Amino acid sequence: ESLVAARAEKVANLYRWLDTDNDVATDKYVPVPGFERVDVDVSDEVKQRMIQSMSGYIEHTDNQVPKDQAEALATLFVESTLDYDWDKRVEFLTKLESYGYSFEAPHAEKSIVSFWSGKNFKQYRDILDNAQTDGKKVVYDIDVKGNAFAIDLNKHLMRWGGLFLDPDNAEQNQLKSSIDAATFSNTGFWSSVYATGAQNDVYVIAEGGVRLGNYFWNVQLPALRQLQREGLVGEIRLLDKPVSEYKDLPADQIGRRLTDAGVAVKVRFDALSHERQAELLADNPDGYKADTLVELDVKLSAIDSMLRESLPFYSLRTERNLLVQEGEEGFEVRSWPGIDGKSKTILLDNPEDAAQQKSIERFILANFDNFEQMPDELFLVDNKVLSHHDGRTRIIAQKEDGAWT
């Protein structure tokens, strides 16, 4: 069974899950989130040129493709790309795998699969590797050769549209845009395929803050959230501060959650609201390209505050990695995301009462660091909190405030 094929299958399911509302997916087309399909209108004449130019690029360049198939791979690559053909896209990757290109992290189980946005991300590698105790090493997708080769062919086809198409023809202009879109959809796909392989804690280099509308936001973060929920990834550690701010910290205290308060928020111009576009073009009509990163005075952290208040015992997830859910007889507690078999019990006097939920919430915060520390059963009854771990104890009672023992 092919490694990259199983990755792609997982990505397909995530993409179809993100598309659950738009319902635009077919048997053949799976949409890349944030990367709309722009249909390609090409004659077979034009296609076979693209193919041969690509056949050429492979033929005489340093790579591991058998020269027999130089032309077959080209044809597959452009067809997969230009027809947005999901099956063929996977086939391409499978074939690269069959020539000895790995889509796995180079250091195996000691790889810290990590992510970047912006140009300075390489200078974070050394501070991060030296913070590790066990010889774990940071990898970026640029370090994995399968992704690197594919991204290479992908730049070729993108550039070929710049050279062989006169933009003064209306069609061939539209065409160059198509290539670009299809080209971007590839980069997205392969980004998710990389992200899907992440394990344990991971690093995201985003100096000066989280970026909305880019590859990490569109195709990598959703995949990381999936892996957290399967218990495969732990903490997503964002680094938004200069390298110097991470000195003399262990690996566990470097970076923070991208929904923590005080994380800055940059957005591509081409992802801003009309309201904010106008504002900026008023003062500077010319200094706003598509990729121009605009800092916004917004707190992404607010969304997590909302959830804190909307969902019972959410804060116990964020704070203590505990999942507390409605149960057959009251509340069940688990190690988030509730995936190991182990289960302890919270029983409440009045389980529907908000104030009683918060009381036991805050008691758990104050008394337990994690699941393992908790008694098999925790009661709150007539304003006493009790544990039951073969013996029963009432460790606190309320009389306008909380006293202990």
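Each residue number is its position in the shown sequence, starting from 1.
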Avg C-alpha B-factor, entry values, 266-274 vs 250-258, higher side is 266-274
Averaging the C-alpha temperature factors as deposited, the higher value of 164-172 versus 78-86 falls on 164-172
When the CA B-factors of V219, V202, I303, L281 are compared as recorded in the entry, which is the largest? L281
Residue set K241, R225, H107, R308, per-entry CA B-factor max assigned to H107
By the record's CA B-factor, is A290 among the lowest, middle or highest third of residues in the chain? highest
Which third of the chain holds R159 when residues are ordered by C-alpha B factor: lowest, middle or highest? highest
Sort the modelled residues of this chain by their C-alpha B factor and say whether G208 lands in the lowest, middle or highest third. middle
Entry-reported C-alpha B-factor of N120 relative to its chain, by third, is highest
Chain thirds by Cα B factor, record data; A403 belongs to the highest
